[PDB]
C-alpha cells in the first residue's frame, strides 16, 4: 500500500523559511510525480507545483514561483518543500500528493499525505495546561453524564486529543480550537457516558501538542 508520511507541524517567524518533508513508501519512488498543495484554514486547495523525483526536475504554479522550492532524496524516498520569506497569510496546511500513474495516463492525485500545518508567527511555542471537566456532583436521575478535558493556552495549532488511548471513540466531541484574546488557543474535548459508569470506569484524555513536545494523559474524575 502506498503511503505518504509528512513531517510535523511547525511555527515559523514572519520573514523566515520553513522546510517540510513527505516520506513515500509502498512503490518505486522515481516512478511517479509528487505534487504539493496549500490549504489555508477554512479555505480551498491551491496547487503549488510538483517534482519529478527521477531527476528532481520541477515546475511551479505562477502564484508560487520564487516562494517554494522542491527537492527530493532518492535513497530515503523523501520529497521536501521549502517555503521562503514567509508572511502571516502563508499560515496553512500543506499537502504532498502522488499522481495515480505516469506519462499522462494518471494525472490526478490518487494518494495524499496527512498534511503539515505551518503557522507563521514571531511568538514562542507554548504547551497547554490540561484541566479535567467533571460534574459538580456525579449523579442524578440523569441516565447520561458528560466528562471532558479542557486543553488551555497553547500555541500554535494543532493539538490532538484521544480518550482511553483510543479505546473510547463513541460519544466523543473534540471542539475546534478558539483563539483567545491572549493570543493563545484553547480547546475542550468531551464524551458522554452512562451515569451508572461514573466512579467505576476510568476515563483518561490523551493530549498531544507536537510543536512543544507536550504530551499529557489526564484521568478525569468528579
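Residue numbers count along the first chain shown, from 1.
Between the stretches 87 to 95 and 74 to 82, it is 74 to 82 that shows the larger average CA temperature factor. For the segment pair 135 to 143 and 116 to 124, the entry gives 135 to 143 the higher mean B-factor, averaged over Cα atoms. Out of 36, 27, 60, 154, it is 27 whose C-alpha atom has the highest B-factor in the PDB entry. When the CA B factors of the chain's modelled residues are split into thirds, the value for residue 174 lands in the lowest one. Sorting the modelled residues of the chain by their CA temperature factor places residue 185 in the lowest third. Among the modelled residues of the chain, residue 66 sits in the highest third by CA temperature factor in this PDB entry. The PDB entry assigns residue 44 a C-alpha temperature factor belonging to the lowest third of its chain's modelled residues. The deposited CA B-factor of residue 54 belongs to the highest third of values across its chain.
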